[PDB]
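A.B. asks: Input structure: protein_20.pdb, which contains PDB, C-alpha atoms (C1' of nucleotides) and all ligand atoms.
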```
ATOM      1  CA  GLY A  44       0.000   0.000   0.000  1.00  0.00           C
ATOM      2  CA  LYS A  45       2.824   2.373  -0.901  1.00  0.00           C
ATOM      3  CA  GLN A  46       2.711   5.512  -3.035  1.00  0.00           C
ATOM      4  CA  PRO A  47       5.395   7.836  -4.430  1.00  0.00           C
ATOM      5  CA  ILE A  48       5.775  10.997  -2.365  1.00  0.00           C
ATOM      6  CA  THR A  49       4.797  14.230  -4.110  1.00  0.00           C
ATOM      7  CA  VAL A  50       7.614  16.786  -3.753  1.00  0.00           C
ATOM      8  CA  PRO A  51       7.255  19.563  -6.386  1.00  0.00           C
ATOM      9  CA  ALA A  52       6.562  21.680  -3.285  1.00  0.00           C
ATOM     10  CA  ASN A  53       9.496  24.080  -3.887  1.00  0.00           C
ATOM     11  CA  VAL A  54      11.265  22.407  -0.950  1.00  0.00           C
ATOM     12  CA  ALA A  55      14.929  21.461  -0.647  1.00  0.00           C
ATOM     13  CA  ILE A  56      15.918  17.859   0.092  1.00  0.00           C
ATOM     14  CA  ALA A  57      19.305  16.480   1.138  1.00  0.00           C
ATOM     15  CA  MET A  58      20.634  13.208   2.522  1.00  0.00           C
ATOM     16  CA  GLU A  59      23.832  11.458   3.591  1.00  0.00           C
ATOM     17  CA  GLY A  60      22.593   7.881   3.174  1.00  0.00           C
ATOM     18  CA  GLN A  61      21.391   7.067   6.688  1.00  0.00           C
ATOM     19  CA  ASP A  62      19.562  10.405   7.175  1.00  0.00           C
ATOM     20  CA  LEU A  63      17.308  12.782   5.245  1.00  0.00           C
ATOM     21  CA  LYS A  64      17.113  16.540   5.836  1.00  0.00           C
ATOM     22  CA  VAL A  65      14.377  18.759   4.395  1.00  0.00           C
ATOM     23  CA  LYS A  66      14.471  22.557   4.132  1.00  0.00           C
ATOM     24  CA  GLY A  67      11.533  24.560   2.830  1.00  0.00           C
ATOM     25  CA  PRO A  68       9.754  27.920   2.973  1.00  0.00           C
ATOM     26  CA  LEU A  69       8.717  27.845   6.656  1.00  0.00           C
ATOM     27  CA  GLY A  70      10.809  25.279   8.533  1.00  0.00           C
ATOM     28  CA  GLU A  71      13.485  22.613   8.653  1.00  0.00           C
ATOM     29  CA  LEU A  72      13.226  18.981   9.754  1.00  0.00           C
ATOM     30  CA  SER A  73      15.367  15.853   9.869  1.00  0.00           C
ATOM     31  CA  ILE A  74      14.955  12.089  10.125  1.00  0.00           C
ATOM     32  CA  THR A  75      17.113   8.944  10.203  1.00  0.00           C
ATOM     33  CA  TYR A  76      16.070   5.615   8.673  1.00  0.00           C
ATOM     34  CA  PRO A  77      17.206   2.174   9.962  1.00  0.00           C
ATOM     35  CA  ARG A  78      19.060  -0.259   7.705  1.00  0.00           C
ATOM     36  CA  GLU A  79      15.916  -1.964   6.345  1.00  0.00           C
ATOM     37  CA  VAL A  80      14.520   0.836   4.169  1.00  0.00           C
ATOM     38  CA  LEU A  81      16.367   3.025   1.670  1.00  0.00           C
ATOM     39  CA  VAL A  82      15.394   6.163  -0.253  1.00  0.00           C
ATOM     40  CA  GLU A  83      16.801   7.879  -3.341  1.00  0.00           C
ATOM     41  CA  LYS A  84      16.359  11.217  -5.121  1.00  0.00           C
ATOM     42  CA  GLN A  85      14.139  10.263  -8.051  1.00  0.00           C
ATOM     43  CA  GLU A  86      14.716  13.027 -10.599  1.00  0.00           C
ATOM     44  CA  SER A  87      11.187  12.698 -12.037  1.00  0.00           C
ATOM     45  CA  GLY A  88       9.748  14.841  -9.228  1.00  0.00           C
ATOM     46  CA  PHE A  89       8.433  12.277  -6.734  1.00  0.00           C
ATOM     47  CA  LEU A  90      10.239   9.992  -4.269  1.00  0.00           C
ATOM     48  CA  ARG A  91      10.007   6.199  -3.985  1.00  0.00           C
ATOM     49  CA  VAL A  92      11.203   4.103  -1.037  1.00  0.00           C
ATOM     50  CA  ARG A  93      12.594   0.609  -1.585  1.00  0.00           C
ATOM     51  CA  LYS A  94      13.441  -1.891   1.170  1.00  0.00           C
ATOM     52  CA  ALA A  95      15.852  -4.654   2.157  1.00  0.00           C
ATOM     53  CA  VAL A  96      15.280  -8.414   1.742  1.00  0.00           C
ATOM     54  CA  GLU A  97      11.652  -9.493   2.152  1.00  0.00           C
ATOM     55  CA  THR A  98      10.772 -10.001   5.811  1.00  0.00           C
ATOM     56  CA  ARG A  99       8.023  -9.349   8.335  1.00  0.00           C
ATOM     57  CA  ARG A 100       9.767  -6.271   9.746  1.00  0.00           C
ATOM     58  CA  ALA A 101      10.180  -4.627   6.333  1.00  0.00           C
ATOM     59  CA  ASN A 102       6.607  -5.029   5.058  1.00  0.00           C
ATOM     60  CA  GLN A 103       5.492  -3.282   8.247  1.00  0.00           C
ATOM     61  CA  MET A 104       8.102  -0.556   7.774  1.00  0.00           C
ATOM     62  CA  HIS A 105       7.683  -0.133   4.001  1.00  0.00           C
ATOM     63  CA  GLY A 106       4.361   1.667   4.418  1.00  0.00           C
ATOM     64  CA  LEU A 107       5.557   3.327   7.632  1.00  0.00           C
ATOM     65  CA  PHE A 108       8.031   5.959   6.427  1.00  0.00           C
ATOM     66  CA  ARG A 109       5.804   6.484   3.373  1.00  0.00           C
ATOM     67  CA  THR A 110       3.363   8.404   5.573  1.00  0.00           C
ATOM     68  CA  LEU A 111       6.045  10.029   7.736  1.00  0.00           C
ATOM     69  CA  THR A 112       7.930  11.251   4.668  1.00  0.00           C
ATOM     70  CA  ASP A 113       4.591  12.466   3.298  1.00  0.00           C
ATOM     71  CA  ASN A 114       3.864  14.387   6.500  1.00  0.00           C
ATOM     72  CA  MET A 115       7.546  15.384   6.590  1.00  0.00           C
ATOM     73  CA  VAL A 116       7.077  17.515   3.457  1.00  0.00           C
ATOM     74  CA  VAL A 117       3.464  18.664   3.858  1.00  0.00           C
ATOM     75  CA  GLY A 118       4.351  19.971   7.317  1.00  0.00           C
ATOM     76  CA  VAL A 119       7.244  21.991   5.860  1.00  0.00           C
ATOM     77  CA  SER A 120       5.280  23.191   2.825  1.00  0.00           C
ATOM     78  CA  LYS A 121       1.956  24.011   4.526  1.00  0.00           C
ATOM     79  CA  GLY A 122       2.200  22.837   8.126  1.00  0.00           C
ATOM     80  CA  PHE A 123      -0.643  21.299  10.080  1.00  0.00           C
ATOM     81  CA  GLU A 124      -3.461  22.769  12.160  1.00  0.00           C
ATOM     82  CA  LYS A 125      -5.413  21.058  14.943  1.00  0.00           C
ATOM     83  CA  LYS A 126      -8.728  22.351  16.266  1.00  0.00           C
ATOM     84  CA  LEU A 127     -10.216  22.420  19.758  1.00  0.00           C
ATOM     85  CA  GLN A 128     -13.562  23.374  21.279  1.00  0.00           C
ATOM     86  CA  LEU A 129     -14.223  24.285  24.915  1.00  0.00           C
ATOM     87  CA  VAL A 130     -17.630  23.332  26.335  1.00  0.00           C
ATOM     88  CA  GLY A 131     -18.771  24.531  29.750  1.00  0.00           C
ATOM     89  CA  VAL A 132     -19.902  27.718  31.465  1.00  0.00           C
ATOM     90  CA  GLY A 133     -16.975  29.763  32.745  1.00  0.00           C
ATOM     91  CA  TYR A 134     -14.374  27.996  30.583  1.00  0.00           C
ATOM     92  CA  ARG A 135     -12.098  30.465  28.789  1.00  0.00           C
ATOM     93  CA  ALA A 136      -8.781  30.554  26.959  1.00  0.00           C
ATOM     94  CA  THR A 137      -6.268  33.359  26.424  1.00  0.00           C
ATOM     95  CA  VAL A 138      -2.687  33.867  25.257  1.00  0.00           C
ATOM     96  CA  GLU A 139      -0.965  36.186  27.745  1.00  0.00           C
ATOM     97  CA  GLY A 140       2.439  36.922  26.260  1.00  0.00           C
ATOM     98  CA  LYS A 141       4.108  33.799  24.916  1.00  0.00           C
ATOM     99  CA  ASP A 142       2.401  30.947  26.773  1.00  0.00           C
ATOM    100  CA  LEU A 143      -1.343  30.385  27.209  1.00  0.00           C
ATOM    101  CA  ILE A 144      -3.640  30.140  30.225  1.00  0.00           C
ATOM    102  CA  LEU A 145      -6.843  28.149  30.756  1.00  0.00           C
ATOM    103  CA  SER A 146      -9.566  28.203  33.424  1.00  0.00           C
ATOM    104  CA  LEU A 147     -11.252  24.787  33.466  1.00  0.00           C
ATOM    105  CA  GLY A 148     -13.110  24.834  36.781  1.00  0.00           C
ATOM    106  CA  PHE A 149      -9.997  24.360  38.911  1.00  0.00           C
ATOM    107  CA  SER A 150      -9.261  26.671  41.827  1.00  0.00           C
ATOM    108  CA  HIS A 151      -6.091  27.767  39.972  1.00  0.00           C
ATOM    109  CA  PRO A 152      -5.526  28.899  36.347  1.00  0.00           C
ATOM    110  CA  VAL A 153      -3.434  26.217  34.668  1.00  0.00           C
ATOM    111  CA  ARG A 154      -0.491  27.595  32.685  1.00  0.00           C
ATOM    112  CA  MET A 155       1.526  25.584  30.160  1.00  0.00           C
ATOM    113  CA  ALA A 156       4.257  26.870  27.870  1.00  0.00           C
ATOM    114  CA  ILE A 157       4.153  27.045  24.075  1.00  0.00           C
ATOM    115  CA  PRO A 158       7.500  26.049  22.499  1.00  0.00           C
ATOM    116  CA  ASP A 159       8.865  28.306  19.784  1.00  0.00           C
ATOM    117  CA  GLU A 160       8.304  25.600  17.151  1.00  0.00           C
ATOM    118  CA  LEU A 161       4.495  25.820  17.353  1.00  0.00           C
ATOM    119  CA  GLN A 162       1.977  28.591  16.694  1.00  0.00           C
ATOM    120  CA  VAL A 163      -1.288  29.123  18.577  1.00  0.00           C
ATOM    121  CA  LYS A 164      -4.260  31.441  18.168  1.00  0.00           C
ATOM    122  CA  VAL A 165      -7.801  31.874  19.476  1.00  0.00           C
ATOM    123  CA  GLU A 166     -10.743  33.450  17.642  1.00  0.00           C
ATOM    124  CA  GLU A 167     -13.535  33.176  20.228  1.00  0.00           C
ATOM    125  CA  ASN A 168     -13.372  33.004  24.019  1.00  0.00           C
ATOM    126  CA  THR A 169     -14.336  29.302  23.873  1.00  0.00           C
ATOM    127  CA  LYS A 170     -12.154  27.645  21.233  1.00  0.00           C
ATOM    128  CA  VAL A 171      -8.483  27.064  20.460  1.00  0.00           C
ATOM    129  CA  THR A 172      -6.496  26.241  17.324  1.00  0.00           C
ATOM    130  CA  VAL A 173      -2.925  24.944  17.137  1.00  0.00           C
ATOM    131  CA  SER A 174      -0.612  25.431  14.159  1.00  0.00           C
ATOM    132  CA  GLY A 175       2.726  23.764  13.560  1.00  0.00           C
ATOM    133  CA  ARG A 176       4.833  21.587  11.283  1.00  0.00           C
ATOM    134  CA  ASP A 177       5.347  18.116  12.802  1.00  0.00           C
ATOM    135  CA  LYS A 178       2.301  16.024  13.674  1.00  0.00           C
ATOM    136  CA  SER A 179       4.085  14.627  16.738  1.00  0.00           C
ATOM    137  CA  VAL A 180       4.600  17.845  18.708  1.00  0.00           C
ATOM    138  CA  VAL A 181       1.341  19.322  17.402  1.00  0.00           C
ATOM    139  CA  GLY A 182      -0.809  16.282  18.139  1.00  0.00           C
ATOM    140  CA  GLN A 183       0.954  15.775  21.461  1.00  0.00           C
ATOM    141  CA  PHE A 184       0.409  19.443  22.308  1.00  0.00           C
ATOM    142  CA  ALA A 185      -3.330  19.408  21.599  1.00  0.00           C
ATOM    143  CA  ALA A 186      -3.657  16.128  23.501  1.00  0.00           C
ATOM    144  CA  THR A 187      -2.163  17.831  26.558  1.00  0.00           C
ATOM    145  CA  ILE A 188      -4.947  20.427  26.731  1.00  0.00           C
ATOM    146  CA  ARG A 189      -7.470  17.601  26.382  1.00  0.00           C
ATOM    147  CA  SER A 190      -6.024  15.878  29.462  1.00  0.00           C
ATOM    148  CA  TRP A 191      -6.673  18.698  31.944  1.00  0.00           C
ATOM    149  CA  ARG A 192     -10.458  18.357  31.501  1.00  0.00           C
ATOM    150  CA  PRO A 193     -11.654  15.699  29.043  1.00  0.00           C
ATOM    151  CA  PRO A 194     -15.305  15.761  27.937  1.00  0.00           C
ATOM    152  CA  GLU A 195     -17.705  14.283  30.461  1.00  0.00           C
ATOM    153  CA  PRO A 196     -20.547  12.007  29.248  1.00  0.00           C
ATOM    154  CA  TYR A 197     -23.491  13.583  31.024  1.00  0.00           C
ATOM    155  CA  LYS A 198     -23.084  17.117  29.609  1.00  0.00           C
ATOM    156  CA  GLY A 199     -20.013  17.125  27.350  1.00  0.00           C
ATOM    157  CA  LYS A 200     -18.340  19.801  29.473  1.00  0.00           C
ATOM    158  CA  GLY A 201     -14.639  19.951  28.655  1.00  0.00           C
ATOM    159  CA  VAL A 202     -12.256  20.082  25.711  1.00  0.00           C
ATOM    160  CA  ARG A 203     -12.929  18.129  22.518  1.00  0.00           C
ATOM    161  CA  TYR A 204     -11.365  17.714  19.107  1.00  0.00           C
ATOM    162  CA  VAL A 205     -13.345  18.604  15.994  1.00  0.00           C
ATOM    163  CA  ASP A 206     -15.173  15.935  13.993  1.00  0.00           C
ATOM    164  CA  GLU A 207     -15.364  13.355  16.791  1.00  0.00           C
ATOM    165  CA  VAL A 208     -18.121  11.742  18.859  1.00  0.00           C
ATOM    166  CA  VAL A 209     -19.075  12.004  22.526  1.00  0.00           C
ATOM    167  CA  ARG A 210     -20.629   9.118  24.451  1.00  0.00           C
ATOM    168  CA  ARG A 211     -23.538  10.992  26.029  1.00  0.00           C
ATOM    169  CA  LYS A 212     -25.761   9.797  28.862  1.00  0.00           C
ATOM    170  CA  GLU A 213     -28.605  10.960  31.094  1.00  0.00           C
ATOM    171  CA  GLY A 214     -27.783  11.883  34.680  1.00  0.00           C
ATOM    172  CA  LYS A 215     -31.328  11.830  36.039  1.00  0.00           C
TER     173      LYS A 215
ATOM    174  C1'   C B   1      17.713   8.774 104.853  1.00  0.00           C
ATOM    175  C1'   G B   2      14.122   7.169 112.034  1.00  0.00           C
ATOM    176  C1'   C B   3       9.688   9.511 110.065  1.00  0.00           C
ATOM    177  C1'   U B   4       8.323  13.966 107.261  1.00  0.00           C
ATOM    178  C1'   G B   5       8.351  19.111 104.666  1.00  0.00           C
ATOM    179  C1'   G B   6      11.455  21.531 100.389  1.00  0.00           C
ATOM    180  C1'   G B   7      15.599  21.169  96.905  1.00  0.00           C
ATOM    181  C1'   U B   8      20.694  23.186  92.895  1.00  0.00           C
ATOM    182  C1'   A B   9      23.572  20.558  89.270  1.00  0.00           C
ATOM    183  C1'   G B  10      22.743  15.840  87.053  1.00  0.00           C
ATOM    184  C1'   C B  11      19.327  12.270  84.986  1.00  0.00           C
ATOM    185  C1'   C B  12      14.179  12.064  83.272  1.00  0.00           C
ATOM    186  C1'   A B  13       9.018  13.162  80.796  1.00  0.00           C
ATOM    187  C1'   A B  14       4.134  14.871  81.606  1.00  0.00           C
ATOM    188  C1'   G B  15       8.011  19.622  79.851  1.00  0.00           C
ATOM    189  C1'   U B  16      10.675  22.337  75.610  1.00  0.00           C
ATOM    190  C1'   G B  17      12.223  22.761  70.118  1.00  0.00           C
ATOM    191  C1'   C B  18      12.964  20.259  65.293  1.00  0.00           C
ATOM    192  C1'   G B  19      11.625  16.673  61.690  1.00  0.00           C
ATOM    193  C1'   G B  20       9.193  14.287  57.326  1.00  0.00           C
ATOM    194  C1'   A B  21      11.251  18.241  51.542  1.00  0.00           C
ATOM    195  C1'   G B  22      11.850  17.714  45.529  1.00  0.00           C
ATOM    196  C1'   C B  23       7.730  21.070  38.580  1.00  0.00           C
ATOM    197  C1'   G B  24      14.257  15.304  40.522  1.00  0.00           C
ATOM    198  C1'   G B  25      15.025  10.329  37.373  1.00  0.00           C
ATOM    199  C1'   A B  26      13.013   5.717  35.495  1.00  0.00           C
ATOM    200  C1'   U B  27       8.444   2.634  35.564  1.00  0.00           C
ATOM    201  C1'   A B  28       3.567  -0.444  36.850  1.00  0.00           C
ATOM    202  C1'   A B  29      -1.875  -0.143  35.935  1.00  0.00           C
ATOM    203  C1'   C B  30      -4.417   3.369  32.767  1.00  0.00           C
ATOM    204  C1'   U B  31      -5.091   7.373  29.275  1.00  0.00           C
ATOM    205  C1'   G B  32      -2.445   9.013  24.841  1.00  0.00           C
ATOM    206  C1'   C B  33       0.109  11.376  20.180  1.00  0.00           C
ATOM    207  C1'   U B  34       2.068   9.959  15.457  1.00  0.00           C
ATOM    208  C1'   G B  35       1.147   5.579  12.374  1.00  0.00           C
ATOM    209  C1'   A B  36       2.398   0.181   9.270  1.00  0.00           C
ATOM    210  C1'   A B  37       1.476  -5.161   8.304  1.00  0.00           C
ATOM    211  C1'   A B  38      -4.223  -4.859   6.672  1.00  0.00           C
ATOM    212  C1'   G B  39      -5.188   1.863   0.805  1.00  0.00           C
ATOM    213  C1'   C B  40      -9.549   1.530   6.445  1.00  0.00           C
ATOM    214  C1'   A B  41      -8.598   1.100  11.669  1.00  0.00           C
ATOM    215  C1'   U B  42      -5.058   0.286  15.618  1.00  0.00           C
ATOM    216  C1'   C B  43      -1.395   3.617  22.199  1.00  0.00           C
ATOM    217  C1'   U B  44       3.571   0.051  18.951  1.00  0.00           C
ATOM    218  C1'   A B  45       6.618  -5.436  16.586  1.00  0.00           C
ATOM    219  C1'   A B  46      10.094   2.061  14.575  1.00  0.00           C
ATOM    220  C1'   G B  47       9.705   6.309  17.736  1.00  0.00           C
ATOM    221  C1'   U B  48       7.494   9.281  21.620  1.00  0.00           C
ATOM    222  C1'   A B  49       4.520  11.983  25.745  1.00  0.00           C
ATOM    223  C1'   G B  50       1.605  12.318  30.690  1.00  0.00           C
ATOM    224  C1'   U B  51       1.373   9.563  35.525  1.00  0.00           C
ATOM    225  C1'   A B  52       1.254   6.043  41.949  1.00  0.00           C
ATOM    226  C1'   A B  53       1.960   6.518  49.626  1.00  0.00           C
ATOM    227  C1'   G B  54       5.500   2.113  45.270  1.00  0.00           C
ATOM    228  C1'   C B  55      11.305   1.653  42.708  1.00  0.00           C
ATOM    229  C1'   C B  56      16.380   4.814  42.400  1.00  0.00           C
ATOM    230  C1'   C B  57      18.793   9.269  43.828  1.00  0.00           C
ATOM    231  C1'   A B  58      18.273  13.504  46.949  1.00  0.00           C
ATOM    232  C1'   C B  59      17.522  14.218  53.149  1.00  0.00           C
ATOM    233  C1'   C B  60      20.145  11.991  58.369  1.00  0.00           C
ATOM    234  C1'   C B  61      24.193   8.710  60.520  1.00  0.00           C
ATOM    235  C1'   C B  62      28.103   5.108  59.757  1.00  0.00           C
ATOM    236  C1'   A B  63      31.860   4.001  56.176  1.00  0.00           C
ATOM    237  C1'   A B  64      38.632   2.542  52.055  1.00  0.00           C
ATOM    238  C1'   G B  65      39.725  -4.520  56.454  1.00  0.00           C
ATOM    239  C1'   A B  66      36.039  -1.243  49.613  1.00  0.00           C
ATOM    240  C1'   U B  67      42.850  -6.799  50.637  1.00  0.00           C
ATOM    241  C1'   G B  68      39.372  -3.221  44.688  1.00  0.00           C
ATOM    242  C1'   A B  69      42.817  -1.489  51.465  1.00  0.00           C
ATOM    243  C1'   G B  70      41.587   5.121  47.699  1.00  0.00           C
ATOM    244  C1'   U B  71      42.328  10.860  47.452  1.00  0.00           C
ATOM    245  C1'   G B  72      44.664  15.680  49.157  1.00  0.00           C
ATOM    246  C1'   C B  73      47.732  19.080  52.599  1.00  0.00           C
ATOM    247  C1'   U B  74      51.770  18.765  56.021  1.00  0.00           C
ATOM    248  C1'   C B  75      55.902  16.427  58.613  1.00  0.00           C
ATOM    249  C1'   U B  76      60.258  13.005  59.510  1.00  0.00           C
ATOM    250  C1'   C B  77      64.286   9.637  57.902  1.00  0.00           C
ATOM    251  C1'   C B  78      70.311  11.523  62.889  1.00  0.00           C
ATOM    252  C1'   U B  79      75.746   9.719  64.121  1.00  0.00           C
ATOM    253  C1'   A B  80      80.109   7.138  62.843  1.00  0.00           C
TER     254        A B  80
HETATM  255 MG    MG C 301      10.928  16.322  96.322  1.00  0.00          MG
HETATM  256 MG    MG C 302      12.804  14.071 100.606  1.00  0.00          MG
HETATM  257 MG    MG C 303      -4.954   7.678  16.626  1.00  0.00          MG
HETATM  258 MG    MG C 304      -3.352   5.523   8.784  1.00  0.00          MG
HETATM  259 MG    MG C 305       7.949  -0.007  20.502  1.00  0.00          MG
HETATM  260 MG    MG C 306       6.266   9.183  44.285  1.00  0.00          MG
END
```
Here is the file; what I need is its structure written in the form of structure tokens.
C.D. replies:
Amino acid sequence: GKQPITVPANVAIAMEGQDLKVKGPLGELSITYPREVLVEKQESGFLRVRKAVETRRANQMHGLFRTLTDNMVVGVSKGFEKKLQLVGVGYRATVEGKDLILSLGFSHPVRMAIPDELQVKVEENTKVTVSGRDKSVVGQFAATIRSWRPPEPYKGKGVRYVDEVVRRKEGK
RNA sequence: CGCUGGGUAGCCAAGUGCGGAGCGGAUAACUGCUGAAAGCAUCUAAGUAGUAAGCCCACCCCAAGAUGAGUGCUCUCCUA
């Protein structure tokens, strides 16, 4: 289930065999492959990834870096943006200076730092949107805000991703 | 102590102070992010993040007989 990777994205690519560095309009990333897979610079415009001798570990890994290398370029060409939605009376979100602050019913305003790699913004008092390059830090970042107050069943009060479901119930 | 009433230091508690800290490290159960085999999905057979009175260090004392016997400063080795 492989596919060639589309890279006429006006992005620079460079390697030294065991690594692969990418440099584009809005960021720089790197990655190192183990000795099973191997990649070349196909001059046609795309990129194909071959593999070592047929084995169970390689067939799992063949389609693995295909999606990472895909996200490796799309995150440097366009980036990625995750969405959040705050549900509950009194729940707010602001960006005071660099980091952000949230008030999720606790007796203290939780404060977590935003690394320089990511970008955050808020349109309305009750929603948040993350913007970055790598899915790992971005997805891990948005998951962190979800952990402070996940969505409850009975009323859905809390943080939630967009385009998901909520197991609702009746309390009384 | 003939029997009693008081008693300094000392010893002692019922008296007087202090103590148990850490946004430090790695994990269990659990929740996850990213994401193949399996065009979907999946917390994972690549990688990675949160997190226990528990585990390790940190705190207090002992400690180079640690025969693996350590380290550093200083001193001494006269007369014919
Ligand atoms: Mg007396
Ligand atoms: Mg007496
Ligand atoms: Mg997932
Ligand atoms: Mg997938
Ligand atoms: Mg693993
Ligand atoms: Mg503990």
A.B. asks: Output the contact residues of chain A with respect to chain B at a cut-off of 7 Å, based on all atoms listed in the file, as a PyMOL selection string.
C.D. replies: chain A and resi 44+102-104+106-107+178-179+182-183+186
A.B. asks: How many Å lie between atom CA of residue A:204 and atom CA of residue A:165, rounded to one decimal?
C.D. replies: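 Here the two named atoms are 14.6 Å from each other.
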A.B. asks: To one decimal in Å, tell me the separation between atom CA of residue A:211 and atom CA of residue A:151.
C.D. replies: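 Computing the Euclidean distance for atom CA of residue A:211 and atom CA of residue A:151 yields 27.9 Å.
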A.B. asks: Report as a PyMOL selection string all protein, DNA and RNA residues lying within 8 Å of residue A:124, evaluated on all atoms listed in the file, omitting residues in the same chain fewer than 6 positions from it.
C.D. replies: chain A and resi 172-175+181
A.B. asks: Measuring between only C-alpha atoms (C1' of nucleotides) and all ligand atoms, which one of B:3, B:18, B:52, B:23 shows the shortest distance to ligand MG 306 (chain C)?
C.D. replies: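 Among B:3, B:18, B:52, B:23, it is B:52 that comes nearest to ligand MG 306 (chain C).
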A.B. asks: Taking the file as shown, find all residues satisfying the PyMOL selection byres (((chain A and resi 71) around 10) and not hetatm) and write them as JSON, numbers by chain.
C.D. replies: {"A": [54, 55, 64, 65, 66, 67, 68, 69, 70, 72, 73, 115, 116, 118, 119, 176]}
A.B. asks: Near residue B:25, within 12 Å and counting all atoms listed in the file, which residues show up once chain neighbours fewer than 3 positions away are dropped, as a PDB file with C-alpha atoms (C1' of nucleotides), keeping the file's coordinate frame?
C.D. replies:
```pdb
ATOM      1  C1'   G B  22      11.850  17.714  45.529  1.00  0.00           C
ATOM      2  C1'   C B  55      11.305   1.653  42.708  1.00  0.00           C
ATOM      3  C1'   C B  56      16.380   4.814  42.400  1.00  0.00           C
ATOM      4  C1'   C B  57      18.793   9.269  43.828  1.00  0.00           C
ATOM      5  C1'   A B  58      18.273  13.504  46.949  1.00  0.00           C
TER       6        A B  58
END
```
A.B. asks: Skip stretch 126-133 of chain A itself and residues of its chain fewer than 6 positions away, then list as a list in words all residues within 6 Å of it, counting all atoms listed in the file.
C.D. replies: residues 169, 170, 171, 172, 200, 201, 202, 203, 204 and 205 of chain A
A.B. asks: Produce as a list in words the set of residues near ligand MG 302 (chain C), where near means within 12 Å with only C-alpha atoms (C1' of nucleotides) and all ligand atoms considered.
C.D. replies: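 Residues satisfying the distance criterion: residues 1, 3, 4, 5, 6 and 7 of chain B.
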A.B. asks: Take the PyMOL selection byres (((chain A and resi 77) around 10) and not hetatm), apply it to the structure above, and return the hits as an MDAnalysis selection string.
C.D. replies: (chainID A and resid 61:62 75:76 78:81 104) or (chainID B and resid 46)
A.B. asks: Let me see the file: selected residues, C-alpha atoms (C1' of nucleotides), as a PDB file, keeping the file's coordinate frame.
C.D. replies:
```
ATOM      1  CA  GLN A  61      21.391   7.067   6.688  1.00  0.00           C
ATOM      2  CA  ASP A  62      19.562  10.405   7.175  1.00  0.00           C
ATOM      3  CA  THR A  75      17.113   8.944  10.203  1.00  0.00           C
ATOM      4  CA  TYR A  76      16.070   5.615   8.673  1.00  0.00           C
ATOM      5  CA  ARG A  78      19.060  -0.259   7.705  1.00  0.00           C
ATOM      6  CA  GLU A  79      15.916  -1.964   6.345  1.00  0.00           C
ATOM      7  CA  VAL A  80      14.520   0.836   4.169  1.00  0.00           C
ATOM      8  CA  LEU A  81      16.367   3.025   1.670  1.00  0.00           C
ATOM      9  CA  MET A 104       8.102  -0.556   7.774  1.00  0.00           C
TER      10      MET A 104
ATOM     11  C1'   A B  46      10.094   2.061  14.575  1.00  0.00           C
TER      12        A B  46
END
```
